[PDB]
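Just one chain is shown here, as C-alpha cells, and it is the form deposited in one PDB entry.
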C-alpha cells in the first residue's frame, strides 16, 4: 500500500520513519550505515562539545513544477518517477542534496550549518528560476538538526537500559545500541557502547547542546571501568 510514486506518499515518507528525517538518505541513495555515517565528519562536558552532522530544511517554491523539465536542464539531477515522485538534485558548494516535488515543495539536506542550509536552499531555488519557473524562495524552515558526540569512554549500556528503562529501549532491528528518548528537550539519542552518540529531532542547535548536557552526567554514572 506504500507507493512512493505518489507525491503525497513520497513526501510523507521522508518525515514518517521511526527516526523521522534522520532516515532521509534512504530516498537519495543500510539501517546501520545510515546512523554510522553521521559519526564520520571530520570530528564527532569535559572539553567535549557536540558537532552538527546534518540539517534538513523545507522550502516552498510557490508554483507547480514540471519535474521532467527540471531534471532535463539541471546538471546533477535524477528523476526516476517510478521509484520516487521527486527530482533529486545536488550542488557541490554547499555540498547538499535537494528533493524537488511537482507542487513546488523542496526538501534540502546535507548542510552542516544553518547558514549553509539556507544558502544551498537559495541556490536550488535560483537554479529552478533560471530554467524558467515562477519559483520564489519562500517559507524556509529548518525541520531537523542532527548532531553527534563522543564522550571518549565506554558505556555499560545494559545497566543504563535497566536504570533508565522508562526513557530507553533496546530495539536491535532498529539500532544496535540504546535508543534514548529524552523528554526535555524532546530529542532522540542513539547511544553506542563505545561512547559515540547521534542526536536527532532538534529544531534549534541549542536543543542539541541541552540534550548533551543532560545526558553527559548520566553516561558518566554508567562508564564501563
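Numbering follows the first chain given and starts at 1.
What comes next is about the form deposited with a partner chain bound, which is not displayed.
Contact with the partner chain in the deposited bound form, defined as a heavy atom within 4.5 Å, is made by all three of 90, 119 and 126. Only one of 68, 164, 181, 156 lies close to the partner chain in the deposited bound form, with a heavy atom inside 4.5 Å, and it is 181. Proximity of residue 74 to the partner chain in the deposited bound form: non-hydrogen atoms within 4.5 Å are present.
Not displayed here, the partner chain is kept clear of residue 107 by more than 4.5 Å at the level of heavy atoms in the deposited bound form.
Contact annotation: residue 146 falls within 4.5 Å of the partner chain in the deposited bound form, judged by heavy atom distances. Contact check for residue 95: a heavy atom falls within 4.5 Å of the partner chain in the deposited bound form.
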